[PDB]
Amino acid sequence: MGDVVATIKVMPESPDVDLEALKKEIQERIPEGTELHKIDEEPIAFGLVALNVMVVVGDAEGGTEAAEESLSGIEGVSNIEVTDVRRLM
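Oh and the sequence shown: position 3 is 3 in the entry's author numbering, straight run, nothing missing.
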């Protein structure tokens with residue numbers, strides 16, 4: 001208990017929620033500041049399942065700002081619940 005873990009839940013608006021295809025996009029959307037953690041295959045709409053891509057940060061820096069940056073032009077179809085957090089203090 002001491003690591004800061006964030007959580008980004010991305011979900012495609014279309015019923016063609018390609019989770020595995022999103023997997024590749026997830027890696028490229030990850031904050032260039034640190035590294036990822038572990039993703040979650042959780043459902044949202046009637047059949048649209050999102051992926052909660054968490055990230056493990058600690059010795060890193062505020063370079064994770066790149067995440068919000070990529071959000072300014074991220075999956076326009078797959079809007080993310082970019083409000084999840086997990087402060088493991």
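A virtual CB, placed ideally from N, CA and C, is assigned to each residue, including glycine.
Sub-7 Å separation of residue i and residue j beta-carbons
i, j, result
"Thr-34", "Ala-60", "yes"
"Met-11", "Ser-78", "yes"
"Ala-6", "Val-85", "yes"
"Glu-42", "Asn-52", "yes"
"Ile-74", "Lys-9", "no"
Expected contact under 8 Å - CB spacing of residue i and residue j to nearest Å
i, j, result
"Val-56", "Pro-31", "Their Cβ separation, rounded to whole angstroms, is 11 Å, which puts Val-56 and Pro-31 out of contact at 8 Å."
For residue i: DSSP bridge partner residues
i, result
"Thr-7", "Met-54 and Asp-84"
Where the alpha helix (DSSP H) containing residue i begins and where it ends
i, result
"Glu-25", "19–29"
"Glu-68", "66–71"
Spatial distance of residue i from residue j (CA atoms)
i, j, result
"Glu-28", "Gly-63", "15 Å"
"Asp-3", "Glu-13", "32 Å"
N-terminal and C-terminal residue of the beta strand (DSSP E) that residue i is part of
i, result
"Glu-42", "41–43"
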